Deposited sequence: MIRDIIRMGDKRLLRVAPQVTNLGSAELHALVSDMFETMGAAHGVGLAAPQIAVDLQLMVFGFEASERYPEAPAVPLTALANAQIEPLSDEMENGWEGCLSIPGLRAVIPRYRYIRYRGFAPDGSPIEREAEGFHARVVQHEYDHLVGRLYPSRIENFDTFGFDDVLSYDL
């Protein structure tokens, strides 16, 4: 079932989400299902549970190919100090984008919805997607990470590199 995505300004995006405690359950599998379906309908590459007003450490993401992934209780570790700049947008902030520095290299861990452990090293766009989605679990959106406000604007208008 497609869920409503809440937009920046909604307090439910600003919460720190608790862990998932229902790995392998039918209730989680359905919620994950709905999230992939919601992500797909909005043409997203990532979506976090709080963007559909569900307060849980859960995100889906994927589609350079990033693997289709559902991830509960994510925890992330930079693998280096190299930052890298890249374009980011967000379905809760429709029509806009900005350039955001993210770690180029991370490891992330947590659990697939059937409860199997997940751990991967990630780089570049894959890395950036997971960091962005992780931010939501923590009440954080990308504008608070912009350093060059010249690169922030509407998508159909922007012309920076």
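- No C-alpha positions are given for the deposited-sequence stretches 64-72, 171.
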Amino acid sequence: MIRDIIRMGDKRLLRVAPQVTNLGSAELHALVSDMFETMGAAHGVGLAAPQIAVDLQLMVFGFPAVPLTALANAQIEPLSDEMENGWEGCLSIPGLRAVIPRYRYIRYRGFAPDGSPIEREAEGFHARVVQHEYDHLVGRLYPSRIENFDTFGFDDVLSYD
From here on, numbers count along this sequence of modelled residues.
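- When 126-134 is weighed against 64-72, 64-72 comes out higher, by mean CA B-factor as recorded in the entry.
- Comparing the listed residues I93, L58, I100, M35, the entry records the largest Cα B-factor for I93.
- For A41, the recorded CA temperature factor ranks within the highest third of the chain's modelled residues.
- Ranked by C-alpha B-factor against the other modelled residues of its chain, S144 falls in the lowest third.
- Ranked by C-alpha B-factor against the other modelled residues of its chain, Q19 falls in the highest third.
- Per the PDB record, residue ranking by Cα B-factor puts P78 in the highest third of the chain.
- Ranked by C-alpha B-factor against the other modelled residues of its chain, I118 falls in the highest third.
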